[PDB]
Novice: 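Okay, here's the structure, questions in a sec.
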Number of protein chains: 4
Amino acid sequence: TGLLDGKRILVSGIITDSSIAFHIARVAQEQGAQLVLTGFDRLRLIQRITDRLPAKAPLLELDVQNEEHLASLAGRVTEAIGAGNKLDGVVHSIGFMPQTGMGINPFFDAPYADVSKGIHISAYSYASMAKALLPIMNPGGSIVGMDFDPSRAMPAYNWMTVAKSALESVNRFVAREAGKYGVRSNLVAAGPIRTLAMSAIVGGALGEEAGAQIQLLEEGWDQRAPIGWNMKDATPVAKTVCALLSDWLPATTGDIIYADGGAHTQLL
Amino acid sequence: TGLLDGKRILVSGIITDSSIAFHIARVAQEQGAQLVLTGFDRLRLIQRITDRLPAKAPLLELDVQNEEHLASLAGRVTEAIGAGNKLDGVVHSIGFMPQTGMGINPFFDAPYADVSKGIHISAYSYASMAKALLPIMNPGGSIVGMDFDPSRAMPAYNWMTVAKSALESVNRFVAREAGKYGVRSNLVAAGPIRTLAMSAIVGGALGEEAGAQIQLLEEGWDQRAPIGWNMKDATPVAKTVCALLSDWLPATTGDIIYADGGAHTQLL
Amino acid sequence: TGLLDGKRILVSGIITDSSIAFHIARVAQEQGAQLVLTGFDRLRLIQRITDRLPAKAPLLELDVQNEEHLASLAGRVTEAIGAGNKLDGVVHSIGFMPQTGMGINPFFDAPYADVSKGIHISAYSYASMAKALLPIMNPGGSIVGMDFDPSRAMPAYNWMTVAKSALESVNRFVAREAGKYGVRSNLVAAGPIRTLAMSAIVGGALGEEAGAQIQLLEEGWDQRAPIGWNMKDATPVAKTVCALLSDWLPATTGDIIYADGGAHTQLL
Amino acid sequence: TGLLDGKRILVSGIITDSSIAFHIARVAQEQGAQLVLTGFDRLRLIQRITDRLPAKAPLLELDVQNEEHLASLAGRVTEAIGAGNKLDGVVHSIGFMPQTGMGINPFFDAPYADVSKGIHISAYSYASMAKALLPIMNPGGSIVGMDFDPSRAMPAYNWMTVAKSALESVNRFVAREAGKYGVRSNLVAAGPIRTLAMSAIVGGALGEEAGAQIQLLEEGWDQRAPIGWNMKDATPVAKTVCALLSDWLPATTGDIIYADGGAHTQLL
Ligand SMILES: NC(=O)c1ccc[n+]([C@@H]2O[C@H](COP(=O)([O-])OP(=O)(O)OC[C@H]3O[C@@H](n4cnc5c(N)ncnc54)[C@H](O)[C@@H]3O)[C@@H](O)[C@H]2O)c1
Ligand SMILES: NC(=O)c1ccc[n+]([C@@H]2O[C@H](COP(=O)([O-])OP(=O)(O)OC[C@H]3O[C@@H](n4cnc5c(N)ncnc54)[C@H](O)[C@@H]3O)[C@@H](O)[C@H]2O)c1
Ligand SMILES: NC(=O)c1ccc[n+]([C@@H]2O[C@H](COP(=O)([O-])OP(=O)(O)OC[C@H]3O[C@@H](n4cnc5c(N)ncnc54)[C@H](O)[C@@H]3O)[C@@H](O)[C@H]2O)c1
Ligand SMILES: NC(=O)c1ccc[n+]([C@@H]2O[C@H](COP(=O)([O-])OP(=O)(O)OC[C@H]3O[C@@H](n4cnc5c(N)ncnc54)[C@H](O)[C@@H]3O)[C@@H](O)[C@H]2O)c1
Ligand SMILES: Cc1cc(C)nc(SCCO)n1
Ligand SMILES: Cc1cc(C)nc(SCCO)n1
Ligand SMILES: Cc1cc(C)nc(SCCO)n1
Ligand SMILES: Cc1cc(C)nc(SCCO)n1
Ligand SMILES: [Mg+2]
Ligand SMILES: [Mg+2]
Ligand SMILES: [Mg+2]
Ligand SMILES: [Mg+2]
């Protein structure tokens with residue numbers, strides 16, 4: 001009698017046990033969902049990490065820049081879940097921007113090849129995944145992607161914020177296509193989460209100034225949030241994704257749900 | 001094992017069996033919630049209407065313009081739910097604007113006394129209710145109000161749209177206060193719902209031109225909505241309110257969730 | 001050969017030489033406009049203040065809560081500018097909220113009578129003025145009101161922020177009506193300006209906590225603004241209003257132009 | 001005594017006499033500006049077109065995808081305007097998306113190589129141009145780019161709308177960098193303009209369905225616009241760009257000014 005009882009849901013984006021997608025997968029299993037996982041490049045690592053989830057789940061390789069992987073994806077999922085069965089949910093929790101497009105490297109100094117790779121992985125791939133998977137989704141289904149509010153510019157995030165602006169636009173178009181299948185498409189805009197990479201950035205991995213700036217941004221977030229914000233806890237974010245994967249928001253599509261403590265609704 | 005098992009929730013705004021609040025109450029009871037209802041003025045009528053809900057619920061009188069009603073409200077609720085028990089949820093589903101502030105009466109011709117009454121009932125009362133009820137709400141609790149997207153002007157809605165703009169602002173402030181109690185505050189922006197009053201307006205009760213305009217607005221809404229919009233079905237709206245009343249969006253406050261078929265995310 | 005050569009423009013809202021409207025009037029006269037001024041209550045004071053403008057201008061009494069003043073206003077303006085002449089511009093620079101609706105008085109403690117008076121003066125009056133003056137405006141004309149960005153809640157501003165949210169909504173409706181006359185309606189959202197009242201508030205006139213909060217808000221504004229923000233200089237704001245009064249933004253209506261140093265476009 | 005007297009302004013984007021940039025250049029010259037023009041690929045054609053402007057202007061070659069052109073650009077401009085002189089204004093009026101990313105080709109069928117080229121030319125190039133030209137701009141200067149409101153998805157525009165979403169994000173970052181030079185960065189969001197390409201699209205050049213959809217969008221725009229919208233007249237758009245190039249909006253940066261008849265502020 002979980003929120004997601006009987007649902008078959010694909011979850012991309014697990015790389016470590018601090019990945020937002022690891023917590024999305026954990027909560028969805030706690031709520032009765034049957035998962036198929038996708039991983040990029042380091043499949044041995046990802047299998048070992050995902051062994052710590054409450055239930056075993058098949059793991060498929062998916063590099064979103066690889067056209068072959070995308071073309072075979074629905075067939076591979078169908079074999080993992082059994083012929084005649086379809087998915088009820090898809091989670092996109094994939095993002096990347098080269099170091100030249102984030103941190104202390106000046107905004108104007110990111111070469112376009114680097115920005116293009118970041119926008120491919122972070123924004124275009126949301127459409128790629130929907131194209132691949134809508135033919136094997138049931139009516140009433142739900143596609144969810146991870147967003148970080150790009151409405152205002154911020155220090156250090158730089159071209160990653162541009163990629164999120166493109167992602168929000170992509171989501172509105174995916175909703176139009178997904179609608180033909182009786183399927184919803186939405187993003188969850190999360191507050192900052194202390195993943196391994198984010199901890200490294202605050203520790204100065206992309207320059208001292210960028211680290212300082214991101215730390216300040218984190219502190220302001222909790223201060224602004226009327227219910228507070230705990231950057232070490234991805235669970236409220238994971239629960240929000242599961243809310244969208246459920247049947248409890250059946251008239252919301254092309255949209256953005258903010259799991260940020262309410263910080264974006266306050267100026268100070 | 002419902003979504004709202006064990007929760008005690010106050011629901012205002014029932015006047016007929018087509019009231020959005022009637023469907024909110026029905027769905028919340030189907031999901032295990034124990035309700036306290038509030039009604040305005042025609043309490044005999046409201047009791048008879050609410051007899052059709054799946055479970056019996058105490059009905060309290062509440063005129064949001066009446067300071068005495070608001071001052072006694074927490075005590076009356078506490079006696080209905082039993083001393084030592086508190087509310088987990090509050091639903092504001094209250095709206096009013098005099099006929100001079102809607103329909104074919106020119107926008108410039110609404111007297112301020114009429115606009116003020118409409119803003120009192122439709123916007124200020126969201127703060128009034130929160131003031132009255134936060135002292136008897138549990139941590140983890142949720143306050144939800146009903147909104148109609150006022151970001152762009154529209155024909156006929158006129159000063160009611162202005163009241164909704166004020167309501168959205170009020171909600172962001174209520175979230176700051178509610179946060180001190182561990183309580184969330186959010187609005188659900190619904191698409192148009194064919195309540196008795198809305199059917200009457202399309203039938204020309206506020207002038208022929210206003211009727212025509214609202215009919216066109218309804219038709220465009222379903223056309224824009226990537227998953228469609230059924231104005232005769234309040235259930236998707238009710239489910240969305242219950243989503244916010246649950247523990248599944250624990251990091252969303254001061255915010256607006258759109259239960260509109262995705263229509264606001266599309267231009268045509 | 002000024003920006004506003006040959007234009008006849010009404011300017012409300014002068015009370016001291018630090019009033020934003022004083023600087024709007026000064027810049028418009030420097031740019032060739034012929035003004036009619038309106039003042040509330042302390043007409044002797046206002047006449048003495050306005051004697052410091054570059055050119056003499058007729059001063060008319062206007063209490064926006066007074067129905068008689070509003071009904072006679074067009075006739076009084078026509079006699080000041082001469083029969084057969086019409087206005088090309090109207091400036092609304094009027095705002096008020098009782099002390100119970102701003103500062104350290106808790107948000108929930110503002111009585112509705114006080115909030116209603118504030119919304120009357122600050123929001124409804126924008127429509128009142130347009131109703132009164134559109135019949136004596138020329139095609140190509142411009143109505144401009146003063147706004148403070150209410151998209152996010154902030155400390156101390158409280159019900160004044162709610163009034164601004166209502167004002168933004170009112171402006172979109174006024175644009176629909178003004179359009180019938182070939183007239184534009186827009187708001188200028190200014191950054192914080194150190195008027196006499198604002199200096200007093202920072203000095204603690206509405207409580208110490210509110211003062212502290214507003215000071216912090218001012219400091220953050222200049223820090224966020226990519227071109228900086230000088231709260232002691234109303235001239236950039238005045239120039240922006242004159243831009244809207246000119247023929248140089250002829251396809252902008254129902255809209256908001258931000259004269260805030262770009263602060264609202266940045267998170268930190 | 002024009003609006004732009006004494007200013008030196010670079011204008012990109014002229015290809016035909018229906019180019020929005022042709023009208024921007026014409027109005028800026030009528031207002032006293034001294035121009036430097038940039039053109040892509042068909043320089044013989046562009047020279048002949050630009051011979052119809054009120055004043056002669058030097059024409060420089062600029063392919064925004066060509067790193068060499070961008071690296072030599074400031075030097076070439078300096079030789080055209082004379083050593084010791086700098087620019088006061090820069091106009092980006094450059095946009096492109098391959099046919100696979102617009103029209104009736106399904107959204108999911110645009111290959112990433114095509115989308116990437118479109119985002120390079122339409123969004124990244126706004127940053128490229130600013131990088132190249134800020135070192136030769138005067139304090140008080142202004143960078144302006146052309147936008148089409150991408151806040152909601154629309155039929156046929158598809159990946160071009162995604163590129164505009166990215167452009168709006170880029171503009172907020174460019175404003176931060178431009179601020180260091182005392183320079184503003186803003187976009188003008190225009191309503192639809194019947195350029196040669198747009199006429200061709202309505203005539204069915206990108207498929208019949210896409211043509212039909214764009215025609216409907218155009219008709220709705222004028223209907224929504226409180227002051228109307230004339231798609232055959234680029235002059236109101238050009239005047240708006242010149243407003244931003246002037247000293248009359250000195251506190252607006254990282255922002256978007258809508259020259260759309262007010263259509264985006266209205267639902268119907
Ligand atoms: N951490 C934050 O503060 C935060 C805040 C809001 C949103 N988000 C977003 O949440 C999502 C998940 O990120 P995270 O913070 O959990 O970091 P993470 O590093 O744990 O996850 C990012 C994932 O992207 C995957 N990925 C990268 N390139 C790929 C490719 N070519 N094909 C397939 N997958 C690829 C990685 O393998 C990894 O699993 C991202 O979209 C991120 O932008 C993060
Ligand atoms: N029907 C729609 O199309 C639509 C769309 C979006 C949002 N909404 C909103 O949903 C809410 C519920 O409205 P509805 O459409 O279900 O109509 P309704 O007429 O069924 O409900 C409105 C309720 O407001 C109550 N009310 C009026 N004055 C009151 C007072 N002084 N004190 C206490 N209660 C008072 C009425 O008694 C009634 O129960 C309103 O906020 C409305 O604006 C409606
Ligand atoms: N000062 C700021 O930081 C700031 C920032 C953004 C916007 N604004 C807005 O600019 C406008 C002008 O305010 P200001 O800051 O220059 O302060 P101000 O006190 O100098 O001007 C306010 C004016 O409102 C007038 N007014 C009050 N009640 C009235 C009534 N019943 N009828 C007619 N006029 C009445 C007052 O006489 C006064 O002239 C207001 O709308 C204000 O909200 C101010
Ligand atoms: N026409 C509309 O309805 C409309 C509406 C809003 C905004 N806009 C925008 O206005 C701008 C101007 O477009 P237009 O409608 O005047 O069309 P246009 O075809 O006349 O102008 C587009 C220009 O982009 C230039 N360009 C293309 N690739 C280039 C490259 N690699 N390097 C340099 N320049 C290149 C072309 O040479 C051409 O001069 C674009 O940003 C467009 O998106 C157009
Ligand atoms: C919003 C945001 C922040 C960070 C550090 N990474 C990402 S995606 C790269 C994952 O480590 N997205
Ligand atoms: C958005 C909206 C529309 C209507 C007709 N009424 C309301 S409240 C009055 C209830 O019948 N709100
Ligand atoms: C935004 C804002 C701030 C303040 C102090 N007053 C106002 S109107 C009252 C004028 O002194 N408006
Ligand atoms: C918004 C928009 C529409 C169109 C047809 N083209 C462009 S850029 C290509 C120029 O002909 N931008
Ligand atoms: Mg294990
Ligand atoms: Mg019964
Ligand atoms: Mg004098
Ligand atoms: Mg010639």
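Any value given below was found using the heavy atoms of this structure, including those in side chains, with hydrogens, waters and symmetry copies removed. In the text below, chain A, chain B and the rest are named by the order of the sequence lines, each starting its count at 1.
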Novice: What parts of residues 8-35 of chain C touch chain D if we use heavy atoms and a cut-off under 4.5 Å?
Specialist: C:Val27, C:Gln31
Novice: Counting only heavy atoms closer than 4.5 Å, note whether D:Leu244 contacts chain C via side chain, backbone, both or neither.
Specialist: neither
Novice: To the nearest 0.5 Å, what is the distance between NE2 (D:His264) and OG1 (C:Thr253)?
Specialist: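 Here the rounded value is 10.5 Å.
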Novice: In residues 128-151 of chain C, which residues are in contact with chain D at a heavy-atom separation under 4.5 Å?
Specialist: none
Novice: Just by distance, do the side chain of D:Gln266 and the backbone of C:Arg172 share a donor-acceptor pair under 3.5 Å?
Specialist: yes
Novice: Could you check which of C:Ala225, C:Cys242, C:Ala175 has the highest count of heavy-atom pairs closer than 4.5 Å to chain D?
Specialist: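 The residue among C:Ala225, C:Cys242, C:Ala175 with the greatest pair count is C:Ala175.
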Novice: Show the nearest heavy-atom pair for residues C:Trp248 and D:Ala243, with the distance to one decimal.
Specialist: O-CB, 3.6 Å
Novice: With a 4.5 Å heavy-atom cut-off (strictly below), which parts of residues 178-196 of chain C touch chain D? List them by number.
Specialist: C:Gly179, C:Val183, C:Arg184
Novice: Which residues in residues 254-263 of chain D have any heavy atom closer than 4.5 Å to a heavy atom of chain C?
Specialist: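 Hits under 4.5 Å: D:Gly254, D:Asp255, D:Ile257, D:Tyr258, D:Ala259, D:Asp260, D:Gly261, D:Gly262.
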Novice: Mind listing the closest non-hydrogen atom pair of D:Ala251 and C:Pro236 along with its distance?
Specialist: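 Nearest pair, atom of D:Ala251 first, then C:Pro236: CB-CB, 3.9 Å.
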Novice: Heavy-atom pairs under 4.5 Å with chain C: which of D:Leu249, D:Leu3, D:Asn230, D:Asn171 has the most?
Specialist: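 Ranked by heavy-atom pairs under 4.5 Å with chain C, first place is D:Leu3.
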Novice: With rounding to the nearest 0.5 angstrom, report the OG1 to CD distance, C:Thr265 to D:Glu168.
Specialist: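 If I round to the nearest 0.5 Å, the distance is 12.0 Å.
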Novice: At a 4.5 Å cut-off on heavy atoms, which part of C:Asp247 comes close to chain D: side chain, backbone, both, or neither?
Specialist: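 It is the backbone, since no side chain atom gets that close.
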Novice: Can you name the nearest heavy-atom pair linking D:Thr240 to C:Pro250, along with the distance?
Specialist: OG1-CD, 4.2 Å
